[PDB]
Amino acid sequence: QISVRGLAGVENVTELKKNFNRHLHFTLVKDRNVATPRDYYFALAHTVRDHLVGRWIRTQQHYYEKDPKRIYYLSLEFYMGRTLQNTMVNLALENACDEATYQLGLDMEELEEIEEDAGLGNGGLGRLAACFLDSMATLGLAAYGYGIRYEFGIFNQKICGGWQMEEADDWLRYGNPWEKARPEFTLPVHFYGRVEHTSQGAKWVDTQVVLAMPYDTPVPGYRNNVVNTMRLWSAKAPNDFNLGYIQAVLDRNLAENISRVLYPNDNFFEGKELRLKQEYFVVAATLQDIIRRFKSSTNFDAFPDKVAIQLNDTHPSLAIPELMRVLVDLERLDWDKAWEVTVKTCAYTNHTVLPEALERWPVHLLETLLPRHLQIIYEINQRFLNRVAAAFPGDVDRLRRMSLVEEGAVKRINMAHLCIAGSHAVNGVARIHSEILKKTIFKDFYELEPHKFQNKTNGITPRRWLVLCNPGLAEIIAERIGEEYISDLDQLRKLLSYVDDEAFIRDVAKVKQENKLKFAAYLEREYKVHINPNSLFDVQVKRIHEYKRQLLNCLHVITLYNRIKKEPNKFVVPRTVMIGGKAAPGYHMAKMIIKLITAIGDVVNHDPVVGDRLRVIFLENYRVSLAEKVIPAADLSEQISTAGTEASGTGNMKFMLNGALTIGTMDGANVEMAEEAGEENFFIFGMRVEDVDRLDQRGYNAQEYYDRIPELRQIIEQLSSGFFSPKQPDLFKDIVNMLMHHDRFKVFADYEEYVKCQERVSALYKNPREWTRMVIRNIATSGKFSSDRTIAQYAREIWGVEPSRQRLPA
């Protein structure tokens, strides 16, 4: 059908058809009379993955032969989504499989909807890891993703009576064709026990053993025949475990609970023992695998030349004392040499500045669970603090501020301080975020070691986030500038010379309209909801948090509603306002916000006077597969975090690439996006970081805004009186209370300027040609935000390796 999806040759289609039927028969044990769509999906999945094996075996063979420096990306989250379409794309098989399935009498898109998301992450941090793996393979890097194979990923969100309900994400129910169990590489991990001191150093004894069983998943590069590995560990009890008899067998569950479920808290910290076990489990198993592979290349001086370990936030921070443990206790290196090796091997990426999101483990937990690691941490702290003392003599408060050990009610280890001490590089994820680290939360560490601190602005993969999810847009671009931009996104700049091209303008606008039509149909079919596809699609999708200010969006929505009821026969640009995202199960306020959104929809969507001019939809169960649908259909991207709170954002980049305009604050990567497109092509509003600081010194008084803005006053009184909750009049008292008295994120302070800026959006949308030309200027400048650029920067400035766009032989 379309060019970018590859060739549909005669021998290929024929071969795919026969292998499809082979798998349906031999692998699935079905015939065409009993098979359901699910069987058909599986036959296809097996037919496609067969094409990976040769490339996978020789890629791994190649790294053994050439022995390059290895990159290990350690994360507790890999938010992969679906794998079938992504594999076809990177292997140039999409059109061939479309044809083969068509000829078999099947619709391939229908089959793709059957695959479950691999939802092994929460949000931005997890999806970043997924985009990164794709870019690392596309760039020919010898990279491995290491993590945990959670039996249950992020929960499926059901909305019941306007309230979020959680249900288990049993994603392995039907089996996962995209994994290969490797029980032969099972490794032991130790917990509890005690430390014995002898003539020849410390020994960790009387431990409980849990087994780590690896599952390998292939990561194909873009049309370069490179297939990298993501290795996920699963927890297994050893066979003498607890070994009245029945109970001993049943208690095996305890050990295997380590890998059972993903913790659904993002940007918040909970000191639970099970979570600490997960963190150590992944670190301990991964490091033995690393060392094993290194020895199969005595001399650990060369270790940092052959190994890089990237820590995705502080979650795998135990890698630092664990590497020390192995080097000191098991390999018998002296402390100083072990430490030199550790520091040069490790690097740390920070993903937030929110205080409550920082990991500070109680000392008594580490004491019981990991007694040797606590000892090593104390020793690291001592030697680090002596360095501080020597650089800043007499500065006693600096010493307590920089200590890895935090004194107080309970003693805690600050895992972020550990990471900075034990890494040769520390980076933030957007320029403003990286500067904030140097100036505020890690100021003391920056003064001690300025050379460690870097920026690596986030990116998204243009394969999943353009080619895969928006084929129409990828095709009209390809027609004009060719296909090379897919793995070199800077080439999109060449589209600037098409901003006055009338055919292109018409094509860009047509692609959007078709995406909107397709999505409006999806909503009617799978969710029985009616929307006007002519309206402006105003979308905010991301995890529910107070700092992301879904509430500010709510206030705007209520303003438009109130203005309509005021002047019903006045003209307004119609909108479909879509908000989606999951709330963390214990986050009460976030759950109330979801309830508010649905409650506004109940009033707005059934007011006859409004008509189809305003619609408020809550998008249930937001996740990667839903993002791939809603993002290409959006006109307006809401990126309205309070300045200084969103480290980067990546959602923002997805919308930019897919032809939506952005309303947002000067926060995280928004700053760099506006800088790339030109501020005139962006809807910037609200306080900058400096304005926020000024307001804090002075003291934020919400009352002041309530007193001076009558439209804001009206909204508050409607919330309070029960306008949006007639049966439960005081349902939203908590939200009003928080807004009026306890608002950390200054919702009222940006209200006026936000509503105003939203009027300017409406104004531009009235002029289709001028809307579309600004869109073209956004897409054309989105090249910087490809994760290929990000990864090339990591490679050169942190890991010390050269990316390569060269093909491996097929």
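If you superpose the two forms and keep the largest set of C-alpha atoms that fall within 1.5 Å, you have the rigid core. All residue numbers refer to positions in the sequence shown, first residue = 1.
Taken in 7 other deposited structures of this protein and fitted on the core, 10 to 18 and 795 to 803 differ in how far their Cα atoms move from the shown form, and the one that moves more is 10 to 18.
Modelled in this chain, residue 662 is likewise built in all the other compared entries whose models extend past it on both sides, so a third of them omitting it does not occur. When the other compared entries with both flanking residues are checked, residue 298 is unmodelled in at least a third.
According to the entry, the deposited sequence runs straight from residue 181 to residue 182 with no unmodelled residues in between. Where residue 714 is followed by residue 715 in the displayed chain, the model omits none of the deposited residues that would sit between the two. The question of which stretch, 675 to 683 or 279 to 287, has the higher mean Cα B factor is settled in favour of 675 to 683.
Mean C-alpha B-factor is higher over 199 to 207 than over the other stretch, the pair under comparison being 582 to 590 and 199 to 207. The residue among 418, 432, 529, 347 whose C-alpha atom has the highest B-factor in the PDB entry is 529. Each of 549, 518, 463, 543 has a CA temperature factor in the record; the biggest one is found at 518. For residue 708, the recorded CA temperature factor ranks within the highest third of the chain's modelled residues.
The deposited CA B-factor of residue 15 belongs to the highest third of values across its chain.
Among all modelled residues in its chain, residue 264 ranks in the middle third by Cα B-factor. The deposited CA B-factor of residue 801 belongs to the highest third of values across its chain. Residue 648 sits in the lowest third of its chain by CA B factor, as recorded in the PDB entry.
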